[PDB]
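Here is the structure we will look at, set down as C-alpha cells.
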DNA sequence: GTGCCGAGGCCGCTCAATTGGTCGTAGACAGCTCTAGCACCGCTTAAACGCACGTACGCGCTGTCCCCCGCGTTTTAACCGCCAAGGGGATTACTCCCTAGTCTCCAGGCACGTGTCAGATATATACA
DNA sequence: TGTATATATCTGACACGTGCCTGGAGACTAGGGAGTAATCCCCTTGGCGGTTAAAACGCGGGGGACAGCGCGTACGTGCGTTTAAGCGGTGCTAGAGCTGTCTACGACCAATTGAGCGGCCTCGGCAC
C-alpha cells in the first residue's frame, strides 16, 4: 500500500513549508522517509493496546505513543 | 573577574574542530564560536543556581551539574558519583 | 467558602491538591501550601495564551476563538515558542516566504 | 537463608530493586513480586551487552583493564546501541571518522 | 494563447495552503496504509474513527516541518530546487538518520 | 627548505586528537568564564573541584558534535572551509534558539 | 466522570476579553495545554524532594520548577503572581 | 550509606571475560547507565497503570515498557531472558 | 626496559535482605447492555494520471583576486607542588506546629435537553 | 486572468440553565517530616615563584572561494479525459465500557543472621 500518496499530494505538502521548485525524485524519497517515521508510531500504538487486552486501537493510544517520540499533538484528549 | 570572554584562544578552537572532521577553518569562526558557546553555557549554569538555592546552599556541588544537564538533553556520565 | 475565592484565583484548589497526592510519591506529602502556588501558575499561563490569541481575532472581525489564531499567537511569539513545543491540530504553520524565491 | 537472586539465576539484587520501586511510583500503589524478578533481568542483560562489545575491542590493544575509550567505541560504533544510549561518556572521545 | 511564467503559478500556492487549516493528504489512501503496517505486528486489528484523524495530523505536521529545514539547505548551497540528498542531511542533524 | 604542502599537515591532527581522550580546552581560562556568568544570577558563589570538570566535559562534547553537522553542510554546498553562516543552519534543525 | 477544565478556561477569557468566544475544536487545544504543564510541574517538583532528601512538598518546590521549565522572561512574572495568592489565602 | 552497583557489575564481567578488569573511571560509566535505565523503566511503567485505571505494577508492566523504549531487535531477546527467571523463581 | 599510585582481595561492623503469620481490598473474569467499527449498495463531480513544448535551474570549465596554511623568533601566562586561614557542607540531638486520615453536611461540577446567531456558501461588483 | 470585498443566505453547533450526585469544604485528634540551632573538621579560595607547555605577532605563497559565460536535459504550466475520492445512506455483530462477586497474592509488623559499605594494604597494570 505504498502507492497511497500520489504525486500532487506530496507537492501540496511542500507548498506549506516554503518549497518553490520540487524535483522529480522527491516523490520517490518522500515515501521512504514517511514510512520510517510511521513505523515508530504504529508499532508503539500496538504495544499500548495489547497491555489493556484490547483489539481496537482507541483515540488515546495515538496520543500516548506520540508523546515519547517528541511530536506531541493536541486536540485529541491530550 | 572582568571580561573573561577571551579565555578561548584561537588554537583552542582548532583542537575542537579536528575531532569532528574540519579541514580548513575560516578567520571569522573564532568570532562566532565564542558567541554560540556562551549561549549554551547560559542555560546549564543558570539551571545549576536554581537547584543549589533550593537546598539552602551556597556552593555548587557536583550533583547539580548532572541534574541540570539531564533536563536540557545532554546527559553526561561519569560524574554521577 | 471555597479555597479558590479566598486566594483570588479561578482554578480549583481542591482538584489540584487531590491530583498531586495521587501521583508521586507514597512517602511524599502535598500540603495545602503547595496547592495555592500550583493554581497560580496554571492560571497565568492560560491567560497569557488567550491574550495573544484574542488580539488577532479582532482583525478578521470574528467572535469565537478559532484554532488558526491559537497557532499564530503561540508560534509567532519568541517567548512562548520554546515553552509550547507541541503541535496544534488544524492550524498549519506561520506563512513565511524566503527572499530567494521571489 | 536463600537469596532471591540465586533462585532466579540472576546477579542483580532483587530486594534492592523491589525496595526502590515502592519509594518512586506510585502513591497509593503496590509493587508486585513478579515485577522485581523481571526488572533484574533487564538491567543484567543490558549490562552484559555493553561489556561484551567492549571486552572484545580491548583485547586487541594489548591492554587488560577496561579503559573509558573502549566503552565509547562499543556504544557509538553499534547502530542499535547508539539510539538507546543517547548520553555522553566523559573521557572517551568520538569515533575516528575521516 | 495565455501562459504564465514558470514561477508565478507555483508562488500563488504558497500563500493559499499556508492560510488554510484543512488536511492536504486524503483520508482513504492514508487509512489503507496504516492497516497494512499494523497487520505485521498484530493481525485482525481495528482502528477507531478518531484514531485515523490523530495519525493524519501528526504525519502532515512532520512532513511540513521537515520541508522547512530541507529547503534551507538548497538556498544555502546557491540553489532553488530541492534535492533528495538534502533530506538525509537535515535528518542527520536532528537525530533521525 | 622542507616546507610541506598546505593540506598534508592539517590531516594529521584528525587522526591524533580523535584517538586520545584528553581535555582540549584548558582549565584556568575556562574557570574564570563560569564565574562571570554565575555572578549575575547569585553573588558570592562557589564551585567544587568536581563541579568544574563536569561543566568542561559537557562543553567539549557540545562543540565537537556541533562541528560534525557543520562540516557536512560544506560538502553539500561544494565547499571545504567552514563558515559562520553554516553554524546557524545546523542549529535551526536541532531547535537551538538565538 | 470526565474531569476536565472546560468550565475554568472560559471564565478567565471573560475577565480579559469579554467580547470573545470559543469553539469545540479550540476547547481541546487549551485543555491539553493545561494538562501538559501540570504533568511537567508535578514531575519536576517530585525529583526535588528525592535529590535533596526530603518528602513534604510545599510552596518552595513549586517555585523552583517554574524558573527551570521557563527560559526566563516569563518566569519572573510568575513569581510575583504566585506569591500574591499565597499570602492572601493564609492572611484571611 | 552509598547504595551503588559497584559489586554487581564486576560479577557479570567475570562470567563472560574473566581475563579482563575494570577501573574507577569505567565504573562510573556503567553505574550511571543502569541508574538511567531504571529511571526510564519505572517511569514508563507508571503511566501504563494510571492511563488504564490500575494501581498494581506486576510483570506485565515491565515487559510492556521494554518494547516501547528499545527500538526493536534487542527488545525481542529481552523477552526470552526476562521470562526465564520469572518461571524459575515461582516454580522452585 | 624503568618507577609510582590505583585496582583486586581480606577482615570487621551493623543496615536492611529474607521467613512466617494475619487479613485489607487490588484485580481475575463470570454475564449483560447497546456505542459506533467493518463491509458493500450507487450517483455526482473533485482531483489524479498521461503527455505537449518551450523556459530557465543545475551543471561543468576556468580566471584571478586575496582567502588563511605552514614554519619560526619572541612572548604571555598555564601546570606544577606546597603554604596558611576560615567559608559553609556534613551528620548529629530536640520539640514546634505541617498536614495525613475519619464521619458528616450540603454545594460545585457536569450529563442531557434546549433557543437562535457565529461564521460558512457562493452568488454580486471593483480592483491589484 | 488573477485574489479581496460586498450583502445576502443557510442550518450546524455555542451558550444558557435547570436536574441531581459525587467529592469540595470544615472541626477534630494522632504522630512523624524537617524547623533552625548546636557540633566537628571536609576540602574552597587566595597566597608565592620556580620551570617550560603552548599563546601571540609577523612572514611568504599555495590553493582555496565564488564572479560569470554558456552547453543541453529535467520539470513548470496547462488541455484533454482515466478511474477512484467522498457524499447520501442502510444492515450485521466485533469487542469498548459499566457494574457483580469473592478468591489470588501484596502491605504491615517483628524478631533472626547474612548481604555488602567503609577503611587497609600489596602488588602488578600500564604511564614515560
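Protein chains in written order, with my numbering: chain A, 1 to 78; chain B, 79 to 159; chain C, 160 to 261; chain D, 262 to 359; chain E, 360 to 456; chain F, 457 to 554; chain G, 555 to 646; chain H, 647 to 738.
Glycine included, every Cβ here is placed at the ideal spot set by N, Cα and C.
Three-state secondary structure (DSSP) of residue i
{"i": "residue 611 (chain G)", "result": "strand"}
{"i": "residue 22 (chain A)", "result": "coil"}
{"i": "residue 246 (chain C)", "result": "strand"}
{"i": "residue 659 (chain H)", "result": "helix"}
{"i": "residue 93 (chain B)", "result": "helix"}
{"i": "residue 292 (chain D)", "result": "strand"}
{"i": "residue 545 (chain F)", "result": "helix"}
{"i": "residue 521 (chain F)", "result": "helix"}
{"i": "residue 538 (chain F)", "result": "strand"}
{"i": "residue 217 (chain D)", "result": "An answer regarding residue 217 (chain D) cannot be provided, because it is not within the stretch 262 to 359 covered by chain D."}
{"i": "residue 454 (chain E)", "result": "coil"}
Residue of the options minimising C-alpha distance to residue i
{"i": "residue 273 (chain D)", "options": "D:330, D:302 and D:355", "result": "D:302"}
{"i": "residue 361 (chain D)", "options": "B:87, B:84, B:101 and B:88", "result": "Outside the displayed range of chain D (262 to 359) lies residue 361 (chain D), so it cannot be described from this structure."}
{"i": "residue 633 (chain G)", "options": "G:570, G:614, G:592 and G:556", "result": "G:614"}
{"i": "residue 280 (chain D)", "options": "D:263, D:289, D:293 and D:354", "result": "D:293"}
{"i": "residue 114 (chain A)", "options": "G:576, G:572, G:584 and G:612", "result": "Residue 114 (chain A) lies beyond the stretch modelled for chain A, which goes from 1 to 78, so this question has no answer here."}
{"i": "residue 383 (chain E)", "options": "C:261, C:224, C:249 and C:213", "result": "C:249"}
{"i": "residue 387 (chain E)", "options": "A:5, A:40 and A:71", "result": "A:5"}
{"i": "residue 627 (chain G)", "options": "C:218, C:237, C:211 and C:196", "result": "C:237"}
{"i": "residue 343 (chain D)", "options": "D:314, D:323 and D:324", "result": "D:314"}
{"i": "residue 569 (chain G)", "options": "C:167, C:175 and C:180", "result": "C:167"}
{"i": "residue 686 (chain H)", "options": "D:285, D:327 and D:333", "result": "D:285"}
{"i": "residue 520 (chain F)", "options": "B:104, B:97 and B:79", "result": "B:97"}
{"i": "residue 80 (chain B)", "options": "F:477, F:488 and F:473", "result": "F:488"}
{"i": "residue 506 (chain F)", "options": "B:113, B:104, B:103 and B:155", "result": "B:155"}
Environment of residue i [buried if 16+ CB atoms lie within 10 Å]
{"i": "residue 247 (chain C)", "result": "buried"}
{"i": "residue 692 (chain H)", "result": "buried"}
{"i": "residue 645 (chain G)", "result": "exposed"}
{"i": "residue 163 (chain C)", "result": "buried"}
{"i": "residue 51 (chain A)", "result": "buried"}
{"i": "residue 48 (chain A)", "result": "buried"}
{"i": "residue 70 (chain A)", "result": "exposed"}
{"i": "residue 262 (chain D)", "result": "exposed"}
{"i": "residue 109 (chain B)", "result": "exposed"}
{"i": "residue 579 (chain G)", "result": "buried"}
{"i": "residue 317 (chain D)", "result": "exposed"}
{"i": "residue 228 (chain C)", "result": "buried"}
{"i": "residue 111 (chain B)", "result": "buried"}
{"i": "residue 471 (chain F)", "result": "exposed"}
{"i": "residue 305 (chain D)", "result": "buried"}
{"i": "residue 518 (chain F)", "result": "buried"}
Below-8 Å beta-carbon distance, residue i vs any chain A residue
{"i": "residue 415 (chain E)", "result": "no"}
{"i": "residue 360 (chain E)", "result": "no"}
Bridge partners - residue i, DSSP secondary structure assignment
{"i": "residue 137 (chain B)", "result": "F:502"}
{"i": "residue 616 (chain G)", "result": "For residue 616 (chain G), which the question treats as bridged, DSSP gives no partner whatsoever."}
{"i": "residue 213 (chain C)", "result": "Beta-bridge pairing links residue 213 (chain C) to no other residue."}
CB contact check: residue i to chain B, cutoff 8 Å
{"i": "residue 621 (chain G)", "result": "yes"}
{"i": "residue 618 (chain G)", "result": "yes"}
Beta carbon proximity, residue i to chain C, threshold 8 Å
{"i": "residue 76 (chain A)", "result": "yes"}
Any C-beta of chain E under 8 Å from that of residue i
{"i": "residue 20 (chain A)", "result": "yes"}
{"i": "residue 55 (chain A)", "result": "yes"}
{"i": "residue 494 (chain F)", "result": "no"}
CB contact check: residue i to chain D, cutoff 8 Å
{"i": "residue 506 (chain F)", "result": "no"}
{"i": "residue 727 (chain H)", "result": "yes"}
{"i": "residue 186 (chain C)", "result": "yes"}
{"i": "residue 153 (chain B)", "result": "yes"}
Beta carbon proximity, residue i to chain H, threshold 8 Å
{"i": "residue 59 (chain A)", "result": "no"}
Beta carbon proximity, residue i to chain G, threshold 8 Å
{"i": "residue 130 (chain B)", "result": "no"}
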